[PDB]
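Here is the structure we will look at, set down as C-alpha cells.
The figures that follow rest on heavy atoms only: side chains count, while hydrogens, waters and symmetry mates do not. Throughout, protein chains are lettered first and strands after them, A, B, ... in sequence-line order, and every chain is numbered starting at 1.
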Amino acid sequence: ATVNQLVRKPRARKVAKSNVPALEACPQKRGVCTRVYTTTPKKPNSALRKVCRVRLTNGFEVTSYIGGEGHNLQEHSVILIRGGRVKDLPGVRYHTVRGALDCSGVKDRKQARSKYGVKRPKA
Amino acid sequence: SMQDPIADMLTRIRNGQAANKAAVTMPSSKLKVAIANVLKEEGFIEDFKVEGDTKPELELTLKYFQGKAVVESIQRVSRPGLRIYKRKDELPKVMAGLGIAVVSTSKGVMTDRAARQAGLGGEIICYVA
RNA sequence: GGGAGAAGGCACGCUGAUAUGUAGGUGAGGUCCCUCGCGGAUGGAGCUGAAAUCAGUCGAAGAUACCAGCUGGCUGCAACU
RNA sequence: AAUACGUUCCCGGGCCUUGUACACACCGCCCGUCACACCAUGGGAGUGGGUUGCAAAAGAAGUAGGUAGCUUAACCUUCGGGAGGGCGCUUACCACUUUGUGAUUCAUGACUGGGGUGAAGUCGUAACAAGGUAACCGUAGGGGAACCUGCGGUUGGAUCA
RNA sequence: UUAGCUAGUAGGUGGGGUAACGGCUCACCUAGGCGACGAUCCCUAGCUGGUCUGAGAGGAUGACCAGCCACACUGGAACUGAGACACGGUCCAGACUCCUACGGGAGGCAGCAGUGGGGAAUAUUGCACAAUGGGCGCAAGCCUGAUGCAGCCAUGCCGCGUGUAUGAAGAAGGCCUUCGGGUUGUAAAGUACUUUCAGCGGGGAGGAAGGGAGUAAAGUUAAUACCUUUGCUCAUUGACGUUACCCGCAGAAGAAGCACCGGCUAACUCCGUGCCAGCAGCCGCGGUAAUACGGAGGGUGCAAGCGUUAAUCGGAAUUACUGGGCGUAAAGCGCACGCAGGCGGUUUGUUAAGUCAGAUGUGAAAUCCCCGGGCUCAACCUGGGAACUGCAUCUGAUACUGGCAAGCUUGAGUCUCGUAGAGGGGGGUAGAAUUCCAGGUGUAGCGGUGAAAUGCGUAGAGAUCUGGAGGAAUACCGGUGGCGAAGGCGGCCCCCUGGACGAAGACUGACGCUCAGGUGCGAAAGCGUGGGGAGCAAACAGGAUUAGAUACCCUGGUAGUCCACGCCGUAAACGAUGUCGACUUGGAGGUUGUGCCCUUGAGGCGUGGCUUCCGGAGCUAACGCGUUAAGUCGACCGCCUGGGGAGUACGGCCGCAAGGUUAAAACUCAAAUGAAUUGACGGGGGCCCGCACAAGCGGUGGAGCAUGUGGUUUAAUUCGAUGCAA
Ligand SMILES: [Mg+2]
Ligand SMILES: [Mg+2]
Ligand SMILES: [Mg+2]
Ligand SMILES: [Mg+2]
Ligand SMILES: [Mg+2]
Ligand SMILES: [Mg+2]
Ligand SMILES: [Mg+2]
Ligand SMILES: [Mg+2]
Ligand SMILES: [Mg+2]
Ligand SMILES: [Mg+2]
Ligand SMILES: [Mg+2]
Ligand SMILES: [Mg+2]
Ligand SMILES: [Mg+2]
Ligand SMILES: [Mg+2]
Ligand SMILES: [Mg+2]
Ligand SMILES: [Mg+2]
Ligand SMILES: [Mg+2]
Ligand SMILES: [Mg+2]
Ligand SMILES: [Mg+2]
Ligand SMILES: [Mg+2]
Ligand SMILES: [Mg+2]
Ligand SMILES: [Mg+2]
Ligand SMILES: [Mg+2]
Ligand SMILES: [Mg+2]
Ligand SMILES: [Mg+2]
Ligand SMILES: [Mg+2]
Ligand SMILES: [Mg+2]
Ligand SMILES: [Mg+2]
Ligand SMILES: [Mg+2]
Ligand SMILES: [Mg+2]
Ligand SMILES: [Mg+2]
Ligand SMILES: [Mg+2]
Ligand SMILES: [Mg+2]
Ligand SMILES: [Mg+2]
Ligand SMILES: [Mg+2]
Ligand SMILES: [Mg+2]
Ligand SMILES: [Mg+2]
Ligand SMILES: [Mg+2]
Ligand SMILES: [Mg+2]
Ligand SMILES: [Mg+2]
Ligand SMILES: [Mg+2]
Ligand SMILES: [Mg+2]
Ligand SMILES: [Mg+2]
Ligand SMILES: [Mg+2]
Ligand SMILES: [Mg+2]
Ligand SMILES: [Mg+2]
Ligand SMILES: [Mg+2]
Ligand SMILES: [Mg+2]
Ligand SMILES: [Mg+2]
C-alpha cells in the first residue's frame, strides 16, 4: 500500500502462462502420430472421441483431437496440429487440422467445409 | 505521532463541520494561519483568531448555509509521505473551478486561481469545495 | 576431532652481492656502582651462524647415493586402541 | 356398555424458533484407502552435454626488448673497412592445447514417492443437524482407509430445560 | 533460493607510451578503491528515433525507414594506410570443404540471385546504369546485385470490377404448410441498355538534367591559341516499356466465395440421428418435437476474400502512480525491543539542494497531429506548421521540504509522595481430598455399566474409626474481576524485581513515531541427562458393544503430565482486527486513582486510568463496527492478487530428532469463496392438535376353515395392485 513500500518493491504484473505451450508461439506444428485411439469424456458427456498422440517436430509429445465424422489416420501418419482444447476431454489441448499433410478432409461435408478440409463439390 | 498538523487542521475542520460544530480550535502555526486566511477569503469559513503568545491556539469559526456545511469536501493533497509540487501551467482546478486548490508559492499561500494569475507554481497543500 | 600427507602444484646444487658472515646465539677488554662477589649495570671486541632475495653457472638429471607414503571411487563385516 | 387424572413417553401433523457444507432438498450432501487408465512433477546407482573457479603445464604467428653468428645497392671511407638494415638466435606478452580438482546448469535413468484428472468399481461413513462421541488448530502415538486416542488452545459449537 | 568484491587492485612520485588525458605501462611508495542508493556472481539482451495498444497514466515492443554500436567461418595477431586491427587483405592456430599427375595446392554468401538443411512459413541463379548517389579520370568514359526497375506470393493497405434498367398472379423447381397458401423472388426467363476492367488493334506525355560538335562574348595571355564560364544553333541519350494516359472494335460477354444463425450475438424451420455420430470461445448441446450434431430450404454477417490457429495491448480498477485491498471473502508477522531507512511539534535568522519563474542552447530527419499541394479518387507522395510534455546552463523568487545556527514547551523523558493488581524469579509454609502403608470395629460383598464382564474381597475387601508416608493441585473468596507485549499468571507468608495509574509542582528541551535485516520472549505436545511419580492418561493388555469396532463405554496401565538444567520455536499463538498520534453525538454498568460537601447515612458535586453491554451519525457485500472504530485523517511496517497442486519440491540457514523457516513450477478446473434470503431437513428447542399415548372394553398373533399375496410348482397356473397409501 505505502508509497514507500512500492518504491522498495514495484507493482509486478503476473506473466500469463500459456494454454498451448507445445506450439511455442507457432500457428501450427507438424508431428508424427504415435498412437491413434478413442477415449471417453467427462461428466456429463459420453462418447468415443477420436484423439491421437503426436510427437511434434520440436520434441514435445501431446494429445490432439481429430474432429469431424470419420477419419483415416494411423500410426506414422504425419499431421498438422493447431491450438484448441477439447473441453470434456481433460489433457486435450490441441486440434488436428483436417485436410493437411496425411490428414484427409471430412467425407461428404457441405456446411463449414473449410473447418474440415473439404474441397468445394462440383455442382 | 503528530507528523502532519495540516492534515490535522483539514480534519478538525472536516469533522467538526460534519458534527455541525460552531467552531474548531487547534494548536496554531504560521502555515495554518496562512491557509485559514485563504479559506476565509474564499468564504469557506466565517473568521479566525489566534490567542495566546507562548502556546498560540488558533480558532476557526465555521460556516453553514441551508442547514448544510459550506465545506463539502476538504482533502490533503501533498503530504509528508509524498510531496506534490506543480508548475504554473500544471495547476489543478477543483470542480472545474467551482472549488479551489490551496497552493504554497515563493510569494506565500494562495489559491490555484491566484497563483495561476501571478505566473507561479508551488506545493499543492489541499483541495476544498 | 576429523576425512588430510586427501588429491594436485611450485621450489630445491654451486658461486657471488645485499653482508669480504646477514637475522639471531654467545660474550671479552674498558667505564661505573656495589649490602664486594662465583655480584650488578654499561660496553660491544672476538667467536659462532641458519634462512631469504638478486645476479651468475655446470650436468640429461641438485630430496642426485643409502634412506624414504603409491593414489583415488563403490560395497560386506566389526564402532574404535 | 367401560373409561378419559392428564400430554412425560410412542406415532402423524400444525405454528414460532434455531443450526446446515442440503436445493432432483436426509432415499440429501460428502471423505479417505484400495482397483483400473491417463497427465505432469519430485526423489533416484547413475548416463551424456553446456558453462565456470583454482592450481599448475603449453607457447604458433605477431609486435616490442636484447644481440656474439651469417648477410648487405643508396650514406661515410684513409678503399682495408665503417655506420645503418635484413636473417637467425634470445627474452616478454599471449591464442590453440594439456593435467589435477572443485562449482554450477540442461537432458536423461532401472525403480520409487506423493499429486492431478476420469461414466460408472470395492471397503466402510470421517465432515455437514447436537451429523448421532460438538467440530477445528498445533502436537504426539496408534490403526485397511476415511480416522481414533492423549495434552493444551479456539468457537468458526446445538441445547440449557 | 547470489553479500560481500578488488594486487594494476585505489591513489602518489618518476621513466616509458599514445595523435591525445589517463595504471595505458613499468619501478618505487602510500593502503587504498567498490558495495544494501545492490557491488560481486548468475540469467537474459544490441541501444535509440519510434512501432502497436490505451481517454490518459501505463502495458507490450525495437522487421520494413533513419541514427549509433558490434560482428564478417571460430579463436588470436598485427602489417599497410589520414582512416582498419580490414565484409569479397595478410599471418598463425581450429573446425570444415574443394583440386591433385600424390609430391603439393586452394577457399570462407550475415553482399545480390540460387542450393541443401531446419521450419507452420517467406520470392527470380531477371533488366539497366536511363535517373539519383558512390569510386577512379582534365575529360570522354569505365565500374557500381548501391540504386532504379521488372518477376514471384491476396501478405497487408487502398481503389475498381464481376453489369444497369425494366420485368407477375408472382412460372417451373426446391423448401415450409394446419393443403387455404407462404417463401425462394424482380430473383430467374423475356425486354431493352451500358462496355469500366480483362481481350484486341491504333496513337502517345513525363521521369532528360546533361554530355557531343561547332559558334560568339568575357576573364586569360605576346596573342584571335588553349583553358574556363555563360549565351546560340545542329544532331543526339529511357532499363522500366506492349509505360501512364487518350481513341477505336466485339459482346453481359471472361470474373463470387467464406463463416455464421441456442444465449452472450445480427440471423429459424423441416428431415436424419438418438448420451450414438458428433458440436463446443464461455455457459453448455446429444436417450424420439434437437432453431446447438449432420444434410437441406430460408436467413444474418463479410466479400476477393472468409474462417481457424498463433501473437501484443485493450476491456482487466484483475499489480490499482493516476486507480484496490487485508474482522467473517486471498491478505496483520504469535509478541516485544531495536540499527539502517522513511516520517517528524513550534519560533527566528541564514542557506537556496528540493520546489517555483524567466532567459538561452539543445531535443537529427522521417513518423504522429493540423492546414494546404500532386497522382482520375484512395492508399501513396509532398510544402509549412504544431508537437517532441525532455535535458542542460545562467539569472531570480524563498511559502513549503532539506541543510546550518540559536531557541521555545505543548510531544517525550526525569524527580517526589501514594494506589490497585493471579505481572515476573527464589525460598518457606497450610489445610481438604485421592492413592498407599500400619492397626481397631465389622462381614460378604465391593466396583463398574444402558446391561454386563474383566477387576477387587474370607491371605477379611468395600464400609467405619485411628496413626503415618508420598505426590500433585490449590474449594469457598471468584466476578463480561484484576495484571502482563504476547504466550499466559489464582491457597498463605517473606525476599529480589518489571510495568501501569493518580496528585502536585520542579527539571531536561523534540531527546519523538515506525522499523526491512538483527536480537529476545513465546501454550501444549515432543526431545536429552538426572531426579520425582499420588491422580490423570497417548501407547499397550484385558472385558464389552457391533455385521465388523484396530473406536466411542468398562477394568488395568507405560511414556507423559511434576522438579533442575538444556533443546524445540509451533497453535483457531484469535479481537481471525499491526503500531503511534489527532479529531467526531449518547445511555446503563463493572474496576481502580484523586479534589470538593452540615464526612453528620451505607451519600451529594466534580476529575483521571482500564473495562462490559447497548446505540447515534458515518462506515460496511451483508453480518455487523460504532470515542477501546470496522467512523474522519496522518506516519511507518507486514501481507494479499482465482481454486486445487502447496506452505509442497529444490536450494540455503536452523534442530539430537520430530521437524521449523524462507519458498517455487509443471499439471488441472471454471469455478473456489463471503454474508444474507426462501424452503427442506436435524437422532435442536418451544407451544399445540388427532383413539397418538394414557384410562377402558373387545380383538389380531395360537387352532380349524374362507380369502388375497408371496413363494414353490405347472403346458398354463392370465394381466395389474407392493411401506403407512399392495
Ligand atoms: Mg637464480
Ligand atoms: Mg555382498
Ligand atoms: Mg575390530
Ligand atoms: Mg412429534
Ligand atoms: Mg527426475
Ligand atoms: Mg458420522
Ligand atoms: Mg460426530
Ligand atoms: Mg481435546
Ligand atoms: Mg606519469
Ligand atoms: Mg543474444
Ligand atoms: Mg534489408
Ligand atoms: Mg531484406
Ligand atoms: Mg536501422
Ligand atoms: Mg578476427
Ligand atoms: Mg601506421
Ligand atoms: Mg568497425
Ligand atoms: Mg563473401
Ligand atoms: Mg522441410
Ligand atoms: Mg411452388
Ligand atoms: Mg483494357
Ligand atoms: Mg523524356
Ligand atoms: Mg437473435
Ligand atoms: Mg458450428
Ligand atoms: Mg428431430
Ligand atoms: Mg488472442
Ligand atoms: Mg491495467
Ligand atoms: Mg480487491
Ligand atoms: Mg465474532
Ligand atoms: Mg481469511
Ligand atoms: Mg496480532
Ligand atoms: Mg535574505
Ligand atoms: Mg487531391
Ligand atoms: Mg508531411
Ligand atoms: Mg516541416
Ligand atoms: Mg523530429
Ligand atoms: Mg527551514
Ligand atoms: Mg491424607
Ligand atoms: Mg530552558
Ligand atoms: Mg523429559
Ligand atoms: Mg481408559
Ligand atoms: Mg522418551
Ligand atoms: Mg502460523
Ligand atoms: Mg454496538
Ligand atoms: Mg446504523
Ligand atoms: Mg492458482
Ligand atoms: Mg516444509
Ligand atoms: Mg454461516
Ligand atoms: Mg391404550
Ligand atoms: Mg390365525
Side-chain angles (χ1 to χ4, degrees), chain A residues 1-14 17-18 20-21 23-30 39-50 53 57-58 62-63 67-70 80-91 94-95 97 100-101 106 108-115 120, chain B residues 1-21 24 26-31 34 54-57 74-76 78-90 103-110 115 118-125:
Chain A
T2 313
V3 177
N4 224 46
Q5 281 180 329
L6 296 172
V7 173
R8 285 146 170 66
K9 184 175 173 166
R11 297 303 193 184
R13 170 86 180 192
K14 53 233 157 193
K17 145 167 153 299
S18 179
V20 283
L23 256 42
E24 292 185 316
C26 299
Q28 313 80 3
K29 280 265 153 170
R30 174 183 47 144
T39 176
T40 81
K42 175 183 76 195
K43 278 282 186 154
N45 290 345
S46 171
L48 299 185
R49 305 232 187 282
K50 323 303 180 262
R53 255 201 318 186
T57 60
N58 61 13
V62 298
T63 174
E69 283 178 303
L80 212 65
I81 68 156
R82 58 164 178 82
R85 87 171 177 159
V86 177
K87 177 184 151 49
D88 62 350
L89 249 52
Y94 311 89
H95 268 62
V97 179
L101 264 42
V106 172
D108 275 306
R109 264 291 200 134
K110 311 299 182 202
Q111 300 175 27
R113 286 190 324 288
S114 73
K115 313 221 245 182
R120 170 196 172 86
Chain B
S1 58
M2 56 301 291
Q3 301 152 38
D4 191 353
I6 304 304
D8 182 87
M9 167 171 58
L10 300 201
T11 296
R12 276 160 118 98
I13 295 178
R14 191 193 306 119
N15 290 353
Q17 187 79 286
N20 283 24
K21 278 288 204 274
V24 291
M26 63 211 68
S28 176
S29 76
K30 298 129 60 198
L31 186 43
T54 171
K55 288 157 60 159
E57 194 79 50
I74 177 107
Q75 271 304 349
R76 189 85 166 106
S78 170
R79 57 178 169 87
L82 168 60
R83 299 285 169 186
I84 302 299
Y85 306 101
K86 289 296 165 171
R87 301 201 277 271
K88 76 180 286 181
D89 41 26
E90 256 146 30
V103 180
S104 179
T105 61
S106 337
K107 319 266 61 177
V109 192
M110 71 194 73
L120 287 193
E123 179 187 333
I124 290 178
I125 290 171

Using a distance-only criterion (donor-acceptor N/O pair, under 3.5 Å, no hydrogens), is the base of E/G324 paired with the side chain of A/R11?
yes

Side-chain contact of A/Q5 under 5.0 Å with paired-base groove atoms places it in the major

Contact class for A/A1 vs. all strands (heavy atom < 4.0 Å): base, sugar-phosphate, or nothing?
base

Suppose you measure atom P in E/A544 against the same atom in E/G548; what distance do you get, rounded to whole Å?
14 Å

With a 3.5 Å distance limit and no angle check, can you tell me whether A/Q5 reaches the backbone of A/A1 through a side-chain donor-acceptor pair?
yes

So what does A/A25 hit on the nucleic acid, given a heavy-atom distance under 4.0 Å: a base, only sugar-phosphate, or nothing?
sugar-phosphate

My understanding is that a pair needs two contacts under 3.5 Å, Watson-Crick or G-U wobble. By that rule, which nucleotide pairs with E/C245?
E/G203

Check whether the side chain of A/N58 and the base of E/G118 form a donor-acceptor pair under 3.5 Å.
no

Assert: residue with more 5' nearest nucleotide on RNA chain E, out of A/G83 and A/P90, is A/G83

When you compare the six-membered rings of E/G332 and E/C333, are they both close enough (centres under 5.5 Å) and flat enough to each other (planes under 30°) to count as stacked?
no

Taking E/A120, E/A311, E/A280 as options, the one with an atom nearest any side-chain atom of A/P27 is E/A120

Answer with yes or no whether A/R49 presents, from its side chain, a donor or acceptor under 3.5 Å of a partner atom in the base of E/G278.
yes

Of the listed E/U346, E/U409, E/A277, the closest approach to the A/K50 side chain comes from E/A277

Tell which nucleotide pairs with D/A130, taking only Watson-Crick or G-U wobble pairs whose two distances are both under 3.5 angstrom.
none

Going by the sign of the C1'-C2'-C3'-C4' torsion, is the sugar of E/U620 north or south?
north

Is E/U318 north-puckered or south-puckered, judged from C1'-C2'-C3'-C4'?
south

With rounding to whole Å, what would you report as the distance between E/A473 and E/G490 at their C1' atoms?
12 Å

For B/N15, base N/O atoms closer than 5.0 Å to the side chain belong to the groove that is the minor

Take the protein atom CD1 of B/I6 and the nucleotide atom P of E/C583, then report the distance between them rounded to whole Å.
16 Å

What nucleic acid atoms does A/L48 come within less than 4.0 Å of, heavy atoms only: base, sugar-phosphate, or nothing?
sugar-phosphate

Which of the following nucleotides, E/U585, E/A582, E/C400, is nearest to the side chain of B/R83?
E/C400

Strictly by Watson-Crick or wobble contacts shorter than 3.5 Å, is anything paired with E/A397, and which nucleotide is it?
E/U355

Looking at E/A60, which nucleotide sits across from it as a Watson-Crick or G-U wobble partner, both distances under 3.5 angstrom, or is there none?
E/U51

Across every strand shown, the nucleotide meeting Watson-Crick or G-U wobble geometry with D/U52 (both distances under 3.5 Å) is D/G102

Using only modelled atom types and a 3.5 angstrom limit, is any donor from either the side chain of A/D88 or the base of E/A280 paired with an acceptor on the other?
yes

Which of E/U309, E/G294, E/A582 is nearest the side chain of A/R109? It is E/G294

Does D/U78 carry a north or a south sugar when the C1'-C2'-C3'-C4' torsion is used to decide?
south

Classify the nucleic acid contact of B/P56 as base, sugar-phosphate or nothing, counting any heavy atom under 4.0 Å across all strands shown.
nothing

With both distances under 3.5 Å as the test, what is the Watson-Crick or G-U wobble partner of E/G307?
none

OP1, OP2 of E/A670 versus side-chain N and O of A/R85: anything below 4.0 Å?
yes

Contact under 4.0 Å: A/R30 side-chain N or O vs E/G119 OP1/OP2
yes

Donor-acceptor pair under 3.5 Å, B/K107 side chain vs E/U355 base
no

Touch class at under 4.0 angstrom, heavy-atom based, for B/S29 against every strand present:
sugar-phosphate

Measuring to OP1 and OP2 of E/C258, would you say a side-chain N or O of A/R120 lies under 4.0 angstrom away?
yes

Of the candidate nucleotides E/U346, E/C633, E/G286, which contains the atom at the shortest distance from the side chain of A/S46?
E/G286

B/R14, nearest nucleotide to its side chain (from E/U584, E/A277, E/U632)
E/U632

Does the E/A296 base have a donor-acceptor partner in the side chain of A/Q111 within less than 3.5 Å?
yes

Considering only heavy side-chain atoms of A/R8, the closest of E/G341, E/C400, E/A635 is E/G341

Considering every strand and a 4.0 Å limit on heavy-atom distances, what is the contact class for A/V20: base, sugar-phosphate, or nothing?
sugar-phosphate

With a cut-off of less than 4.0 Å, is there a side-chain N or O of A/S114 near OP1 or OP2 of E/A259?
yes

Using a cut-off of strictly less than 4.0 Å, decide whether A/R113 has a side-chain nitrogen or oxygen near OP1 or OP2 of E/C258.
yes

Looking at E/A120, I'd like to know if its phosphate oxygens (OP1 or OP2) sit under 4.0 Å from a side-chain N or O belonging to A/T57.
yes

Could you give the distance separating E/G16 and E/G67 at their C1' atoms, to the nearest angstrom?
41 Å

Checking base pairs now: Watson-Crick or wobble, both atom distances under 3.5 Å. What partners E/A671?
none

Please report the distance, rounded to the nearest Å, between CG in A/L6 and P in E/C637.
10 Å

Looking at E/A506 opposite E/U414, are both of their pairing distances below 3.5 Å, so that they form a Watson-Crick or G-U wobble pair?
yes

So A/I81, base contact, sugar-phosphate only, or nothing? Heavy-atom distance under 4.0 Å.
nothing

Of the nucleotides E/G278, E/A120, E/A399, which one has an atom closest to the side chain of A/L80?
E/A120

With the side chain defined as heavy atoms from C-beta on, A/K42 is closest, among E/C669, E/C400, E/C282, to E/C669

Under 4.0 Å, heavy atoms only, any strand: does B/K88 hit a base, just the sugar-phosphate, or nothing?
sugar-phosphate

Side chain of B/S104 (C-beta onward), nearest among E/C669, D/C39, E/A399:
E/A399

Under a 3.5 Å distance rule, please check whether B/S1 uses its side chain to pair with a backbone N or O of B/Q3 as donor and acceptor.
no

Considering Watson-Crick and G-U wobble pairs with both distances under 3.5 Å, what does E/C234 pair with?
E/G212

OP1, OP2 of E/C583 versus side-chain N and O of B/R76: anything below 4.0 Å?
no

Should the sugar of E/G38 be assigned to the north (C3'-endo side) or south (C2'-endo side) class according to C1'-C2'-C3'-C4'?
south

A/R53 side chain N/O closer than 4.0 Å to the phosphate oxygens (OP1, OP2) of D/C39?
yes

E/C285 phosphate, OP1 or OP2: any side-chain N/O from A/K87 under 4.0 angstrom?
no

Using a 4.0 Å heavy-atom cut-off, does A/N4 contact any base of the nucleic acid, only the sugar-phosphate backbone, or nothing at all?
sugar-phosphate

With sugar-phosphate meaning primed atoms plus P, OP1 and OP2, does A/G70 contact a base, only sugar-phosphate, or nothing at under 4.0 Å between heavy atoms?
sugar-phosphate

Within less than 4.0 Å of OP1 or OP2 of E/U348, is there a side-chain N or O belonging to B/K30?
yes

Sugar at E/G62: north or south, per the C1'-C2'-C3'-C4' sign?
south

Spell out, as yes or no, whether a donor-acceptor pair under 3.5 Å connects the side chain of B/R76 to the backbone of B/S78.
yes

Looking only at side-chain N and O atoms, does A/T2 come under 4.0 Å of OP1 or OP2 in E/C637?
yes

